[PDB]
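Here the structure comes first, spelled out in structure tokens, and everything after it is commentary.
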Amino acid sequence: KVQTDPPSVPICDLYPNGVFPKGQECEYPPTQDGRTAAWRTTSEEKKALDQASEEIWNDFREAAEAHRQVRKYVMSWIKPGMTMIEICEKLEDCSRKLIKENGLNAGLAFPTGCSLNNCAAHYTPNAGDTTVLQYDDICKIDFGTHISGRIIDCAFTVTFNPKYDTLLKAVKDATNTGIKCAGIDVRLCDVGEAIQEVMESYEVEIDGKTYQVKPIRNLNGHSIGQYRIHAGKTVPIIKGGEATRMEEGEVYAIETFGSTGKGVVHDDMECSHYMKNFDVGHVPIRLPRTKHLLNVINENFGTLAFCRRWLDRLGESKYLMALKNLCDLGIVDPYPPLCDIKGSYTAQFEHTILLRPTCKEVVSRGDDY
Ligand SMILES: O=C(O)c1c(NS(=O)(=O)c2ccccc2)ccc2c1CCCC2
Ligand SMILES: [Mn+2]
Ligand SMILES: [Mn+2]
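Under the authors' numbering, the first residue of the sequence shown carries the number 110, and numbering increases by one thereafter.
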């Protein structure tokens, strides 16, 4: 009934009623004709629709409460001096328990991203990484949870030196502006346009030098499908236009990235993230090690992302060759770290939002951000 100091009680065991707490519920922003949505709030049909998908939203909520209670715990102990591995393992151990891990029914949506400084996304330590968090590092903690495939992609930036304060603020504000500007019938390009107006209205000072915060042009937000971290649509982050419009009932990961470098990321360092291609079908394989690894991936991760450590813990050993095979065969896709130029700094803020018929829900919102 009550959560223990160091979190240990599944979110499921904390709410005996089976109903989980909603996120921040906003009213879809108007348009040119000031077209308010004070009607969707209680329209008769839009209310029935929402009630129809009620169990889905509830799943997203059970996953968001896991995320909120885990990141809250991480913010109390993450300190420079700890290795990137100890950090991720302490974060995932807790996350496995609150979400009440259970095969594909409930678990960790993707690996724990702790991309450092100029690296903005997709870096997680591999066995052997001796990297230690430093007082001057700007670490992006990006991890996800899920219940029955309903994914919560939510992230924040951690720092210990205040010289980054105003940078985090630029990006946190850009992220919120994106969340606030999003909604049914809103064109992606417009969301990107705005996120950039705000983002670039900030300018910071770091170690004597001064920069105008830049959105990482080739990074962005995305729509979220069941067991599919990237459903299909994308949220710009800059003057990009895409060619689409957000629709009713969609789930989006709103995230923005700010940088002091070029505002462009590139594949860098060693690969840790991997994910079975959703579109790819059943391919027959006779090669032993490859066949067995693919079985492990289907059994433990489905089309959800994973990392080398997650293979290690399952007892898998010497599997890089088999992994490269699945990658070459196009069955598995590698997701390397995305880093901007050396010396630059980068920050991120992400939230998962539900575009429900009656109102817009920032399901992953919390006391913190
Ligand atoms: O970060 C993600 O949400 C993500 C993704 N989505 S994305 O292509 O929109 C993207 C967004 C931000 C940074 C990099 C990629 C696509 C594939 C993957 C991820 C995270 C885990 C690894 C696989
Ligand atoms: Mn993320
Ligand atoms: Mn994301």
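Yeah, the Cβ is synthetic: ideal placement off N, Cα and C, and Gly gets one too.
Would you mind reading off the limits of the alpha helix (DSSP H) that contains residue i?
i    : result
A303 : 297-308
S426 : Unbroken run through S426: none, as it is neither H nor E.
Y182 : 163-186
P397 : 397-409
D246 : From DSSP, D246 is part of no alpha helix (DSSP H); its letter is neither H nor E.
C290 : 274-290
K206 : 193-207
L420 : 417-421
Using C-beta distances below 6 Å, list every residue in its chain close to residue i, excluding the 5 sequence neighbours before and after it, in chain order.
i    : result
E134 : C468, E470
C380 : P443, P445
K155 : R149, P466, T467
Going by beta-carbon coordinates alone, are residue i and residue j separated by less than 8 Å?
i          : j    : result
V313       : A279 : yes
residue 88 : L207 : Look at the range of the chain in this structure, 110 to 478, and you will see that residue 88 is not part of it.
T412       : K385 : yes
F219       : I338 : yes
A456       : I247 : yes
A362       : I333 : yes
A414       : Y383 : yes
Applying the criterion that 16 or more other CB atoms from any shown protein chain within 10 Å of the CB defines a buried residue, is residue i buried or exposed?
i          : result
residue 60 : There is simply no residue 60 to check, as the chain begins at 110 and stops at 478 in what is shown.
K323       : buried
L429       : exposed
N211       : exposed
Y182       : buried
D114       : exposed
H375       : exposed
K342       : buried
Which first and last residues belong to the beta strand (DSSP E) in which residue i is found?
i    : result
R259 : 259-267
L225 : 215-225
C228 : 228-230
Excluding the 5 residues preceding and the 5 following residue i in the sequence, name in chain order all residues of the same chain whose CB lies nearer than 7 Å to its CB.
i    : result
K371 : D449, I450
Checklist entry - Can at least three beta-carbon pairs, one atom from the segment 210-219 and one from the segment 352-371, be found at a separation below 8 Å? => result no
Checklist entry - Any contact of the segment 114-134 with the segment 279-286, i.e. 3+ C-beta pairs under 8 Å? => result no
Next on the checklist: Whether or not the segment 288-302 and the segment 197-214 are in contact is what I'm after, with contact meaning three or more pairs of Cβ atoms, one per stretch, closer than 8 Å; do they touch?
Outcome noted: Because the criterion of three Cβ pairs below 8 Å is not met, the segment 197-214 and the segment 288-302 do not touch.
Checklist entry - Below 8 Å, can you find three or more Cβ-Cβ pairs linking the segment 151-169 to the segment 236-244? => result Inter-segment contact for the segment 151-169 and the segment 236-244 is absent: fewer than three beta-carbon pairs are separated by less than 8 Å.
Checklist entry - Should the segment 430-437 be called in touch with the segment 244-262, which here means at least 3 C-beta pairs below 8 Å? => result no
Checklist entry - Just checking, does the segment 300-317 make contact with the segment 140-153 on the three C-beta pairs under 8 Å criterion? => result no
Checklist entry - Counting pairs of Cβ atoms below 8 Å between the segment 163-179 and the segment 387-396, do you hit three or more? => result no
Next on the checklist: Does the segment 418-427 come into contact with the segment 364-379, if we say contact requires no fewer than three beta-carbon pairs (one atom in each stretch) closer than 8 Å?
Outcome noted: no
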